Each structure stands twice: as structure tokens, then as C-alpha cells.
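Data block below; observations after.
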Amino acid sequence: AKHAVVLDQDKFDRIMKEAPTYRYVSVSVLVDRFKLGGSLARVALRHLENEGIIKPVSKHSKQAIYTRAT
Amino acid sequence: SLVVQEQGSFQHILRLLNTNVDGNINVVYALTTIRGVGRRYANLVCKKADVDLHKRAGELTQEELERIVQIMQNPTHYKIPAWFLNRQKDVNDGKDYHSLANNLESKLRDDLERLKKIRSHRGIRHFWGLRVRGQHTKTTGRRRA
Amino acid sequence: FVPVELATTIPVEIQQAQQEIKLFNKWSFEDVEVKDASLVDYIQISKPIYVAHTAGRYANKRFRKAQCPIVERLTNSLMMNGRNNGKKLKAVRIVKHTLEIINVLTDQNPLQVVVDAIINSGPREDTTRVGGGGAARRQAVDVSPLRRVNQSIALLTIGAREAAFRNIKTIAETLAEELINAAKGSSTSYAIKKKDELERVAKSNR
Amino acid sequence: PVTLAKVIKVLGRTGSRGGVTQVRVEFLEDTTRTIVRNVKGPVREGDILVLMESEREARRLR
Amino acid sequence: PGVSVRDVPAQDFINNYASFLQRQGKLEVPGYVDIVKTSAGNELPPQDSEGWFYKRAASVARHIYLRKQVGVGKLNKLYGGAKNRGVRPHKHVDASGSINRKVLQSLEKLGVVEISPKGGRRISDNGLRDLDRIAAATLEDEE
Amino acid sequence: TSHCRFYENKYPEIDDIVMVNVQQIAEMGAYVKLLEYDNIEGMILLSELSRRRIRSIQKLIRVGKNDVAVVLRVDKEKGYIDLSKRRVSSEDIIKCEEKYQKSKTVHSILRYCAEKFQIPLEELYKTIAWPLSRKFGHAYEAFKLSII
RNA sequence: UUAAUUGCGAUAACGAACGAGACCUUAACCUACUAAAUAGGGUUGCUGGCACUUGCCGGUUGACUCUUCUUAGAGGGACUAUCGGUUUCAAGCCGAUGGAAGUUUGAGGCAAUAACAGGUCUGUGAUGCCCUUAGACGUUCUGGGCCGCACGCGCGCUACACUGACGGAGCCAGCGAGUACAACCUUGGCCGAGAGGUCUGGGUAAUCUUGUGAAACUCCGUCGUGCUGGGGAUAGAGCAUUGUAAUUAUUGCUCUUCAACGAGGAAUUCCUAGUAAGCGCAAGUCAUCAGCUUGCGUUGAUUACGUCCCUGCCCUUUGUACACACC
RNA sequence: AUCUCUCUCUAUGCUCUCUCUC
Ligand SMILES: [Mg+2]
Ligand SMILES: [Mg+2]
Ligand SMILES: [Mg+2]
Ligand SMILES: [Mg+2]
Ligand SMILES: [Mg+2]
Ligand SMILES: [Mg+2]
Ligand SMILES: [Mg+2]
Ligand SMILES: [Mg+2]
Ligand SMILES: [Mg+2]
Ligand SMILES: [Mg+2]
Ligand SMILES: [Mg+2]
Ligand SMILES: [Mg+2]
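Chains as they are written, first to last, in the authors' numbering: chain Z, 36 to 105; chain S, 2 to 146; chain F, 22 to 227; chain c, 6 to 67; chain T, 2 to 144; chain j, 3 to 150.
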């Protein structure tokens, strides 16, 4: 990945609007669909999960299993 | 954990202590790129400074960087004893020093020169281009110069 | 459903009809749809194992290998290449994650999807180095069911392995994706492609 | 094109390397045919065997 | 009906205890907190600056509660692990010997861990009470 | 990422002459990259690699090197190439080589521009190489005509 | 037929003897027997804690009671048993049931005849013979040397990273081995940031070290496609330790130094179930040092159950201008 | 009367020798 380890405002907005429609949400997924690549993606995911937005399925760390609200 | 998005304030790729410090490596691990600076001790330095490790390379404000530099170059005053730094005890001053960037190599060179002058075994080996620290050259070191 | 009163603390899920119906760690071991005719006692299903981790004897008879749960077999196959020889717990965890991914993406009971993938990857026509003097001659030989299934499983695992070798994608997700591809939709997964190539090769030879 | 036939009896095992089985295949669609087929791998009696090959058959493997 | 230390999950409990310790004023920290690697069999010191030694203390307390006659050496053996000798296969090396001792001393000062006239350290009644309280808190957090 | 096929359409045709750079040997033959058509993976099944029995595999074919080839089986759905080396006739070989060279030259032309300005590669391919090909047959011929 | 010159049987052969098998040694099964502060329970005292109405979790050499686990000892157990078919229905085999177990139950240990011109006089006071025998090839002291390095092979280890690494925090093993006419394994309490010191005791043994709280693993993190926190070679500099003696780093520990190395050509080894591999540990050597062996034990796959194609082997027949026997 | 039917290169090699007592 060509850097892309920034919690940029535009990037955040994109994430907000692209995490729905798609059923599966993960760090790997984010990396694939070109936004954040690596460590700060996890942080972003965490801060999307305060109340609602994306619902958890995983009860496990390292691999994240998350589905948007239907 | 940080929810802060941050605007255009951090400038990536920094020129610190002459040697180029690269972008978005985790402060400690950004400092490691500089010679003389190494992992654990970098971390310790950071801790001493009182900057949070979970930050970007460009994130660091100038003052913090300055403090870090000070900690590195003058180590003894900020509670860093012997089992800590590069040239412990030393051969030239008696005081211990945490040599950096373009100093350690120079010191090494000086040592080599002295050895050569005084024709010691290690020095001889170095002159030759041979393995010093207990190795059997029956197999060891076929890469050459 | 029906809370059993104990001095020891037991979770609600356990109390509920999991005592009544014994299907998986909260997944359907029912449905039961094998697309090809019969194929049972070669792809196991039926026996509702809770967690894909059973210590038994599945090498000590000719066909007894079949009575391994398919998920368990998958886990075992995943358990491969230096860094991961032994450590079946890890494999089990990965399988669980894969299942979760499947559930998330394109819904359905994941077990059925897995079964479909197993069916639709594996080859009908195969090649053996018969020789003809030891040279490059390979007669087209049709494959036995159990063996074919095993091969398919192996190739699925291989695909995942290939994907994971220096990548952001954690093994499980990748595996799930490839499984889905194999089942039906795109058929751009590695394993399925390989199988098809093999079949083609077999066809052009006798 | 898709065909499938049940196995009933094994006509031994043949091959320079070996391992590859000679089988007697009976078609579940019309039981009038019992053909000599090459099968790779572990195979017993009463198994459904998918065949991409329709009519071609061989006995010995050399 | 009630609670004890054995019946409550490990890591969560430990973290709760650590949090409690942090909240509390008395701890008696060394002059070398997060300067040591906690193990000579370890390569890099602990992360997230503040605490971690607290966590270790909590863990030690838990261990003491579980057993009866545990000394410094045994605790050291318990912690640490495989030291990356690099090119040479990794042998099991014990933790940093003094750190555990310091932790024990701190606990003694707080009044949670005492000594038995057989050899080693055992739990104090106050300590037991504290542990029980922590367990209760953890239970509350869960449900 | 840099990609896109050598010719006009996405997928290769039956009995198309190609040049194959050898990647790695497996079981069927080799998973080669076709240098006359994109970089789509295909295989030479062990029967049609050479005219005669030559015993050695790493002297007449060779890993890393290019081989004069022809496409036998193509499946216009996803991506499979059943390939031959033997079915290439005497002579013919020279022609194939020439074609390969032409293709290489074409490829060389289309990258400098990209380097100078990024922008989508597919678009570039569309606006430089394809219409001419459609009009005649090959891009190198068109280039030659232009030069003349 | 069988792993088997293992059987059954045809029978100028009959009755044999080794060998195999049996046999030992252990590993599994014995809620059967004998038993047990040097092995664990059980109830109750004696208390500690939280619920409190009984209770749960412990501590304590308090009694007393046993013995399922831990130890052993006598013994027993499976013999292919029971059917199902197949086979001159004999020899046996594959499948099913029951069983702790049905591959000779797994693995060993002993291993025949005949040799090899295999290996060693560098295990010996096991020696023939030849030599040197007093400035000695005997002997010991001092110091090197076997550890040298343009290279070429053979073992092994670490890696080439996300199933990762790095932090925490979970927490679980079996073989051992260990003190006297010497200086062992070392606990527990204070030193040091590690290594390692130090006063003490326990243990010349199921007790003490040691439940060897072992790794790998397990959970919460941190890092995130990068020769990059992957790799730790090579170099510096310093603190201890063993030893009369560490330079040609003995080793250990702290530091900094960060190369080759993106899963490996042609080639070839090893393996068919607690096996392969991963992972440790102890022992042997040992004053100090394991990347080594030898034994354990954790974690535990994939694919065969077959053929003679390559590589051998076994017998039978066959052909040999070969017996130094196809080299 | 029941067979069924497989396949190719591969060159050479120099270091002895042995009986007893009836
Ligand atoms: Mg019977
Ligand atoms: Mg035996
Ligand atoms: Mg002699
Ligand atoms: Mg002399
Ligand atoms: Mg030597
Ligand atoms: Mg060896
Ligand atoms: Mg490291
Ligand atoms: Mg590693
Ligand atoms: Mg034990
Ligand atoms: Mg690095
Ligand atoms: Mg030595
Ligand atoms: Mg000859």
C-alpha cells in the first residue's frame, strides 16, 4: 500500500457512505476497496462502533466480523 | 484510541538529526531509522520525553522532537544509568555515552585504526577481511567483498 | 426455552432448545442437499457435531475417513505448511470465522455453501502418469468419489493458502470468498480453475 | 454433457505404478450395460461414479 | 447466590483489578516502571506506558489466592517464556527476578499478601476480601 | 497497476499463434504467460510440448525463457487456455517470432505515455491501438504505415 | 495361503534341529483383590473469606475411614470371539457385532548358518610380530595446534512473516537427575534493571528442589502487504559467572550494529496413525557452554491400504565363454 | 474355444591367494 494510513475527513466520510450496502465490514475489506491501508483502519472501525452504525457478529479479536443494520 | 480525524497539520518525511526520518512509522519505530537509535532505547527515550507512542511520524510538534533529541544526545541526566547506553565506561573519557547517527561508526573506525597501530589480533583480522568472533572459516563467510 | 435451575451459572443459549436440538455451535446441520446423486458416506453431513474437533481413528480402515465431518476435514486440511503443523484449535477458529463470513455475505446456511463448493470444484476426469515407457503419456482416468472429495478439499485449502501468502486478507475471509466463488457465481477462484484445467487436460488425452 | 454410473464389482488393480483400479460400471439409467472402466483412487461396491467420458474404455494400464 | 475468584473469567477479572489499583492511591511503584522488560527472556518492554506493572501485581495476587505456598522464584518461573536466542532454538528463560519481588513487597505494604512460616508468600484476609469484591464487581459488569 | 490485452478483444481465439514466457513447471506442464495476448494463465499439457522425445525439460523449454506456441482450447466465460507447442508448423515459427517482436514493440510504445501522464490505461489503449487494429489487423502494421 | 521353509496340502522321503514364532520389556484395560502422611481423596473438627437458611472456595500432618485416580504385586484379559458370506470349504483372509483393545494390539529386546579380507591394537593389563628404548615415539611441565581459510560436499538450526511477529494476561507435562569422605540439584527471604550474587535451611530421594506453574499453544491488545517492528547473522562497547588459565567473542546478560534471505535450480531423503511435522523438556557430555545426540511428554494433520515402473530383496525356472563371480 | 495388448536408451572398469592331523 502507498501509505494510506491517515484518518482523513474525506476518507472518513467515504467510509461512512460505503460501509452500508455492502454486508461485510472489515479492515481487509477496507484495504481492498481503496481507502485506509493497515493499522488506523482498525481504529476507524472501533470508532464506528460506539452506538449502532455497524452491528458486531464477532466475539473475537484479530479478525473482525461486522454487519451493517438492516 | 483516538476519534480525532486531524486536519492539515502533520507534514510527512522529516529531516531530523541529519539522517532522513520517513513518514507514518510509529514515532519510536520512526526514530529507529537513525543509526545509534534502536527499538527499546528509542521507546525509553519517548517515554522519558512524555509523548504517547501511538502517534504518527509527522504528528510530532517541533518542541517534542527537540526534547527527544536532547534526551538522546545528553542521556545521563534523565535517569539512564549503565545497562542502558552505547559506549558504557568508554576508553577516552571515563563517562558513558549514547553515540548517534555519524558518531558510532567514526568511533569504530578510530578503534580499528588504533588496533592496526598496535598490531592486535582483532585488528589484523579486520585488516585482512576475516571473521573475528570465534568462527570456523571452513564454511563461514563465502560471500566476500 | 425451558431454563434449567442449577447452582452453577449456565448461559441462556445453552438453556434454550440447544439441549432439544443438537445442531452445531449455533448452526443448522439440517437442510441436507447434495447436488450430485447420493454421494453420502463420502461427504458425511447427518451427524450433528457441535464443534469440528473430534479425536478419533480415521486412517485405520479403508473408507472410514468418510465418517469425518466435512468442516473437521476442512480444518485439518487448513492445518498445513511448517508454521502450522498441529495447532488444530487455530484451524477450528479459522473455520468458524469463515462460516461467519459466509453468513454475513450472500446469507444462507454456510454448511450448504461449503458442500456446494466441494461438489463443484472436484474433478470427474483426472490424469495419471501411466508412462508408455516412462515418457509424457497420460491416460484419462475417472476419479473415485471419496478421493475426489478429498482432492477438492485440498485444492480449496491451497487456494486460501495462496491468497494469504503476503496479504492484508486474513486466511479465513479469503477462504470463505474462494469457497463462495467455487459454489456458484463467478468461478474465478483458484481451486476451481485448477480443477477445470485438469479436467480439460484429461479430455485432450487418453 | 453429464453421465453417472454405479460400481458393483472391481476387476482388480492395474498400472505400471499401480494404484489405479479397473472397475465394472453399471448404469443406474438402464442396467443393461456393464462396462470396464478406469478409476483413480479408493472405490468399493455400490458407489455412484460420475463420468465425463461417455463411451471410451480401456483395460490394462501400461 | 455469591462469588469467589476461581469461578470468574481470568483476563477480565485481572483488568478490573488493575483498574481498581489505578483508582486507589497506595501502590508503591519502583523508580524503574516500564524501564525493565519484565523478563530477561523478553526482547521489548511492555506497551501503553502507564500501568502494566499493576496488571502483573493483580495477576500475582490471583495466583496467590489460587495456591498456598508460592515464592518469588516460582512466580518468576511462571512468567517470561522463550527467549529468542535468534539463530539458536529458544530455551525457557524465567522473568525478571527483582520485579516480582518488588510487586510482592508492594502487595505486603498494601496489606493483601502475607508470609507463611513454611517458605514463600500466602494471601491475607483483607486481600481475600478485596479479591471477592473485585469478583463481585466483575459479575455485576457481566450481568 | 498496469494491465490490458495486446489485441482488440478481451479473450483469445482458437488456433491463435502465441509466444509463451515460462513461469513454473507443475504437473500438466507450465502455467505460462502468453505474450501475444494479455497475461492470462494457461497450460501446455504433457504431450504437445515437442515433436520428438527429448528427455530433458529444462533445455528445450527452460524456465524464464520464451517458447513459440499455439492456442488449442479456449473457453469464453472466465479464463482457461489449453495450449500447444508441437502443433506449430515448420516455418510459421519465424512468422510467430516476428509477431511476438511486433507485440513487444507495441507494448514498449504504450508505457512511456502512461509514465508521462498516469490516467486510466484502458482508455489509453482504446485511443491509441485498437481502432487501427480493427481497420486492418495488427497495430504494428498500422505503425509501419504511419511511419511510411 | 501367511509378515514368515507361516501353514494346508501334494508326497523319496521320514523324523528332526536352529531361525521365525513363542519368549521377555513396557505401553494400553482392570471402579476386582492386597496395600498405603514418601500417593491422593472422603466426611467432620480447627479456622479464613463471600452468600448467609442450609452453602461454595480454600488453608491446616486434627482425627478416623477407605483406595477410583498415583504407585506396584499377584492375577485376569483376546484366542480371531461371535455370526455373515468368499476359498479343493482345508489353510486362511476382507466386512459387521461385542469389546480397553481385533494391523502378530503398538513398539522394542534377544537374531540362525555362512561370511565380509567392513570397522577398530586410538576401549584395555586382549595380545602375536617389527620398530624406538635414554638428548626416548616412555614420561610429564610451558606454550600453541586440531577452532587456520580463495573454495567443494555432508548433517542440523534459524528464517523468508499474518495460521505472523510484538506486548500483556490465561495457564497445563511426562522421563529424569541431584551430598561424603566431599563441594550436587537448589527452594524460601532480602541485593541487581539481566545474568548472577547472599545469609540461611530442605533434600545423599515417590517426601526437598519439582505440581519441575516447560514451551508451542489460549485471550485482550499493538502492528499491517513493506527485505518493513519479518530475519538476527556480523560487528562494536560494557557488566557478571566457571576456572590456576578465557585473546583466536567459553558461555551468559544489557546495549547498539541490521546483511544475505520474497518459499528455493536440476536433484534427493523421510513418513501410512498418537504417528509426519510443530513444540519444548530432562538426561549423556559436563567446572563452565546444545544448534548435538538419547529418552519423554504436550500439539496433532493430509493422503494410501496398493502395485511391481524406477531402486533393491526373496525364492522358482531359465541362459551364462562369470567364479577376484557383471565392479 | 474366451486369448485380450504393449513400450525405448544404458559406454567401460585394472587390486593377488590358503590348508591340516586319522
Ligand atoms: Mg466364521
Ligand atoms: Mg514382537
Ligand atoms: Mg600396541
Ligand atoms: Mg628430545
Ligand atoms: Mg575438531
Ligand atoms: Mg547424523
Ligand atoms: Mg523480533
Ligand atoms: Mg519467529
Ligand atoms: Mg507430574
Ligand atoms: Mg528490520
Ligand atoms: Mg569449547
Ligand atoms: Mg560390464
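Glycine included, each C-beta is placed from N, C-alpha and C at the ideal position.
Taking the beta strand (DSSP E) that residue i falls in, what are its first and last residues?
| i | result |
| --- | --- |
| c:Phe32 | 26-32 |
| Z:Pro91 | 89-91 |
| j:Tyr102 | Segment 95-118 is the alpha helix (DSSP H) holding j:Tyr102; no beta strand (DSSP E) there. |
| T:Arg57 | No beta strand (DSSP E) contains T:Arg57, which is instead part of the alpha helix (DSSP H) from 54-67. |
| c:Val15 | 8-18 |
| j:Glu43 | 43-46 |
| c:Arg42 | 39-45 |
| F:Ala203 | Looking at the DSSP string, F:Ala203 is not in any beta strand (DSSP E); the run it does join, the alpha helix (DSSP H), is 192-204. |
| T:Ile124 | 122-124 |
| Z:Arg103 | 101-103 |
| j:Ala71 | 68-76 |
| T:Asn77 | Where T:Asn77 is concerned, there is no enclosing beta strand (DSSP E), although the alpha helix (DSSP H) it sits in stretches over 73-79. |
So which of the options has the shortest CA-CA distance to residue i?
| i | options | result |
| --- | --- | --- |
| S:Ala50 | S:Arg40, S:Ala58, S:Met73, S:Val38 | S:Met73 |
| S:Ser100 | S:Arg36, S:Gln6, S:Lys56, S:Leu45 | S:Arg36 |
| j:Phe8 | j:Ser148, j:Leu123, j:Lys146 | j:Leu123 |
| T:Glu143 | F:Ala28, F:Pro32, F:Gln129 | F:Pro32 |
| c:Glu31 | c:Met57, c:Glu62, c:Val41 | c:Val41 |
| F:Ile115 | F:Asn130, F:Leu126, F:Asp128, F:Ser98 | F:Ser98 |
| c:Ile53 | c:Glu34, c:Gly23, c:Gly24, c:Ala63 | c:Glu34 |
| Z:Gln98 | F:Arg168, F:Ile189, F:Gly107 | F:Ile189 |
| c:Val44 | F:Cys89, F:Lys108, F:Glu34, F:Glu146 | F:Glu146 |
| T:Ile135 | T:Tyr18, T:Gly3, T:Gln23 | T:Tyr18 |
| F:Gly153 | F:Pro144, F:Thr119, F:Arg227 | F:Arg227 |
| T:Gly120 | T:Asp8, T:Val71, T:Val9 | T:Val71 |
| T:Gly42 | T:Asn127, T:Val6, T:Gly98 | T:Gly98 |
| F:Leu95 | F:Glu121, F:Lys109, F:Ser207 | F:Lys109 |
| T:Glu51 | T:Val30, T:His64, T:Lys69 | T:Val30 |
| S:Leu17 | S:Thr33, S:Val5, S:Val4 | S:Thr33 |
| F:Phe22 | F:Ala28, F:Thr30, F:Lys68, F:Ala38 | F:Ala38 |
| j:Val70 | j:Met21, j:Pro133, j:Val76 | j:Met21 |
Could you pull out every residue in the same chain whose Cβ sits closer than 8 angstroms to the Cβ of residue i, ignoring the five residues on either side in sequence?
| i | result |
| --- | --- |
| S:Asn44 | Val29, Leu54 |
| j:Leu74 | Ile16, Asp17, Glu50, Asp84, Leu85, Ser86, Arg89 |
| F:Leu167 | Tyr63, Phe84, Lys86, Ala87 |
| c:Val48 | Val12, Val15, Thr26, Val28, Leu54 |
Starting from residue i and walking both ways along the alpha helix (DSSP H), at which residues does that stretch end?
| i | result |
| --- | --- |
| T:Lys110 | 98-111 |
| F:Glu93 | 91-99 |
Leaving out the 5 sequence neighbours to the left and right, which residues in its chain are closer than 7 angstroms to residue i when beta-carbon positions are compared?
| i | result |
| --- | --- |
| S:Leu113 | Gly124, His127 |
| F:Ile192 | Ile115, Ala181, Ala185 |
| j:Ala32 | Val24, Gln25, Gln26, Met45, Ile46 |
| T:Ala58 | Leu22, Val104, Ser107, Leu108 |
By Cβ distance below 6 angstroms, which residues in the same chain neighbour residue i in space, the five residues on each side in sequence not counted?
| i | result |
| --- | --- |
| Z:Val66 | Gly72 |
| S:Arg144 | none |
I want to know whether the region 6-22 of chain c touches the region 172-185 of chain F - three or more CB-CB distances under 8 angstroms. no
Of the residues that make up the region 132-156 of chain F, which ones have a beta carbon closer than 8 angstroms to any beta carbon in chain c? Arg145, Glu146, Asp147, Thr149, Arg150, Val151, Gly152, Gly153
What are the residues of the region 76-98 of chain Z that lie near chain F, defined by any Cβ-Cβ distance shorter than 8 angstroms? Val92, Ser93, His95, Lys97, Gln98
Count the C-beta pairs between the region 117-128 of chain F and the region 194-205 of chain F that are closer than 8 angstroms, then say yes if the count reaches three, no if not. yes
If you pair each beta-carbon of the region 85-102 of chain S with each one of the region 57-68 of chain S, do three or more pairs fall below 8 angstroms? no
By the 7 angstroms beta-carbon criterion, what residues does the region 187-200 of chain F contribute toward chain Z? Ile189, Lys190, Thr191, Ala193, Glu194
Hey, is the region 39-49 of chain F in contact with the region 66-81 of chain F, meaning 3+ C-beta pairs nearer than 8 angstroms? yes
For the region 78-105 of chain F, which residues have a CB atom closer than 9 angstroms to at least one CB atom of chain Z, in sequence order? none
Using a beta-carbon distance cut-off of less than 9 angstroms, what residues from the region 29-55 of chain T approach chain S? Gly32, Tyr33, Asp35, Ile36, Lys38, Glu44, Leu45, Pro46, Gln48, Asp49, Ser50
Assess contact between the region 22-31 of chain j and the region 102-114 of chain j, defined as three or more Cβ pairs (one per stretch) separated by less than 8 angstroms. Is contact present? no
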